[PDB]
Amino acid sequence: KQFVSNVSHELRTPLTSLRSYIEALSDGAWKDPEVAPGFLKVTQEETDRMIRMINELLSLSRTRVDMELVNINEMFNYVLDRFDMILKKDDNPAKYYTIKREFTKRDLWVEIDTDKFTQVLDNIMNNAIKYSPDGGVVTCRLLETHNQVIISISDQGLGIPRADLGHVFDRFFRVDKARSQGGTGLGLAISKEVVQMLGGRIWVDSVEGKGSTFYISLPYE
């Protein structure tokens, strides 16, 4: 049943991603030859991914990671692409949310599990938007230093209490204050151990009035 809670949570980003592209296609993009095949490709990939997700989360209930060498620039770019589409077909005024990308010009190659790591990126990107009720710009950086590849995601949202910067990675822990709104508290806990499974590190810095920055570090080579 821990299966049920986890799969319910983790299916939310792909379903939202899937619906956004379907609505874009439905809104008229299906008539447009230079975008429709690309959009359809994303829906096909997200649908297949959700099926891969359902089966594996059920098997875990009975150290299963699929490591491949990946170009993080391209993947993170792909992940952000899905969120851009989400934001363009959302209920909010255009430019109410913005994803700013600041990637290094180098191509960074890292050993990760593509499906499991995507879940991590989805959770944090979801958080950055969801806890930015008054809108905001999300800043996503990608760089390598000291043999580590580092991803950072910054928001102009609500902050995180300094006392709770450690607790946000705990399972079912949610910040107990009021917003301008919250769910289970499973996102960052799940996200943390996937990063730890990949040999990485995750941490957060925040100012309670202006926003937060989450960090992921992965082994380079």
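A residue's number is simply how far along the shown sequence it sits, counting from 1.
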Count, per the entry, the deposited residues between residue 31 and residue 32 that are not modelled, and return the matching class: none, 1 to 3, 4 to 9, or 10 or more. none
Neighbours in the displayed sequence, residue 180 and residue 181 may still hide a gap; how many deposited residues lack coordinates there, none, 1 to 3, 4 to 9, or 10 or more? 1 to 3
When mean C-alpha B-factors in the record are compared for 38 to 46 and 65 to 73, the larger belongs to 65 to 73
Tell me which stretch has the larger mean Cα B-factor in this entry, 168 to 176 or 188 to 196. 168 to 176
Using only the C-alpha B-factors in the record, can you name which of 128, 79, 85, 112 has the highest? 112
Out of 144, 122, 102, 134, which one has a C-alpha B factor higher than all the others in the entry? 134
Third of chain Cα B-factors occupied by residue 94: highest
Compare the C-alpha B factor of residue 153 with those of the other modelled residues in its chain, then answer lowest, middle or highest third. lowest
Lowest, middle or highest third: where is residue 207 by Cα B-factor in its chain? highest
Could you place residue 54 in the lowest, middle or highest third of its chain by Cα temperature factor, using the values in the record? middle
